[PDB]
Every structure is written in C-alpha cells, then in structure tokens.
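Cβ placement follows ideal geometry from the backbone for every residue including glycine, while neighbour counts extend to all protein chains displayed. What follows is calculated from the coordinates using simple rules that are stated; it is not laboratory data.
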2 protein chains.
Amino acid sequence: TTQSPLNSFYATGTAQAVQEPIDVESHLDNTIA
Amino acid sequence: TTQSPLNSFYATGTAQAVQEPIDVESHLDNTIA
Ligand SMILES: [Ca+2]
Ligand SMILES: [Ca+2]
C-alpha cells in the first residue's frame, strides 16, 4: 500500500555562449608624410 | 440432531497494480549556442 505523487519525470538540455559578436583586424599601412 | 446455519461457502479471487501509468524518456541532444 504505497501512495505515489506521480511527478518523478525530468528531461534536460544545455546551452552556451563562448565568443564575442565581432572580431576586428587592422591593415593601416600608410603614413601621412 | 445437528442444526446447521447453511452459510459455509466461499469463493476467492485476486487483484493487483504494480506499475505507474506512464514512462518518460528524453532525447534532447542539441545545444543552444
Ligand atoms: Ca573574439
Ligand atoms: Ca515505471
């Protein structure tokens, strides 16, 4: 004679974010002379 | 000279319930990245 609560069910996922939106690189190779 | 009550007859059955109505299994194998 056991009474159960009937709520022992689960499901699991994951998420992440490990980088910045943009990357910037420079090529200014001229001199104001 | 014996007086009988005439109620000595019986029949027996059985019943059971040994499991929960539903079972749940998860397959969430994608990542919000
Ligand atoms: Ca970066
Ligand atoms: Ca079960």
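What are the residues in chain B that are within 16 Å of ligand 2 (Cβ to nearest atom) and exposed (fewer than 10 other Cβ atoms within 10 Å of the Cβ), if any? Before the answer, list the steps.
Step one: of chain B, the residues within 16 Å of ligand 2 (Cβ to nearest atom) are B:16-26.
Within chain B, B:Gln16, B:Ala17, B:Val18, B:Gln19, B:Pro21, B:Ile22, B:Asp23, B:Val24, B:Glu25 meet the criteria.
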Legend entry - Pick from chain A, criterion hydrophobic (A, V, I, L, M, F, W, C), assigned to a loop (DSSP other than H, G, I, E, B) and within 12 Å of chain B (Cβ to nearest Cβ), ranking: nearest to ligand 1 (Cβ to nearest atom): A:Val18
